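Enquirer: Here it is, the structure, as structure tokens.
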Amino acid sequence: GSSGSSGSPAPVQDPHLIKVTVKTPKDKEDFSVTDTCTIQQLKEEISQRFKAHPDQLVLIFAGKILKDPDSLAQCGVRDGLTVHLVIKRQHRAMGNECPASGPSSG
């Protein structure tokens, strides 16, 4: 069936890099971020994975909406935990037409 271009064994070591599973009413995906990571920081991550502006994405854990200044560890998230996300989908546009250029070698 579905295939995945993968050419690398288990990941290297890390500090407090924990895994967080995002449960959405449309799909679910696992993410990898440090417990110190903030809620707002994750949004910018799930925004591309789910294709939804981080200004709508809503995280829910322990029956309480995670706070920006509340890191994954502050909310109660850990390596192997899940979080039911809910996209408000309050955006009617396709971003902003502009050249997306990146940095050079280095």
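Just so you know, we're using the deposited numbering here: the sequence shown kicks off at 1 and counts up by one.
We put the CB at the ideal spot given by N, CA and C, even for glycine.
#1: With distances taken from CA atoms, which of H91, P9 and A10 is nearest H53?
#2: First and last residue of the alpha helix (DSSP H) that includes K19?
#3: DSSP state of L85, grouped into three classes?
#4: Sort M94, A10 and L72 by Cα distance to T21 and report the nearest one.
#5: How do the region 3-10 and the region 44-63 stand: do at least 3 beta-carbon pairs fall below 8 Å, yes or no?
#6: Skipping 5 residues on each side, what residues in its chain have a beta carbon closer than 7 Å to that of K28?
#7: What are the boundary residues of the beta strand (DSSP E) that includes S32?
#8: Run the CB neighbour count on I46, radius 10 Å, all protein chains shown included, and call it buried at 16 or more, exposed below.
#9: Considering only C-alpha positions, which residue in the set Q74, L42 and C37 is nearest to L85?
#10: Grab the span of the alpha helix (DSSP H) containing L59 for me, first residue to last.
#11: Can you check DSSP and say which residues form a bridge with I46?
Expert: Answer, in terms of the structure:
#1: To locate residue 53, count along the sequence shown from 1; it is residue 53. Among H91, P9 and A10, the Cα nearest to that of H53 belongs to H91.
#2: Locating residue 19 in the sequence shown gives position 19, where the first residue counts as 1. For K19, there is no enclosing alpha helix (DSSP H); the residue is found in the beta strand (DSSP E) stretching over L17 to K23.
#3: Start at 1 with the first residue of the sequence shown, and residue 85 comes out as number 85. Collapsing the DSSP output to three states places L85 in a strand.
#4: As a first step, residue 21 must be located in the sequence shown, where it is residue number 21. Residue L72 is the option with its Cα nearest to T21.
#5: The region 3-10, when compared against the region 44-63, does not touch it at the 8 Å Cβ threshold.
#6: Walking along the sequence shown from the start, residue 28 turns up at place 28. If we look at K28 and ignore the five residues flanking it on each side, its Cβ neighbours are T21 and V22.
#7: Within the sequence shown, numbered from 1, the residue matching residue 32 stands at position 32. Segment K28 to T34, the beta strand (DSSP E) holding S32.
#8: If you number the sequence shown from 1, residue 46 lands on position 46. Buried: at least 16 other Cβ atoms inside 10 Å.
#9: Looking up residue 85 in the sequence shown gives position 85. The candidate whose alpha carbon is nearest that of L85 is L42.
#10: Mapped onto the sequence shown, residue 59 falls at position 59. Counting along the chain, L59 sits inside no alpha helix (DSSP H); it lies in the beta strand (DSSP E) bounded by residues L57 to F61.
#11: By 1-based counting over the sequence shown, the position of residue 46 is 46. Answer by DSSP bridge pairing: none, since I46 is not bridged.
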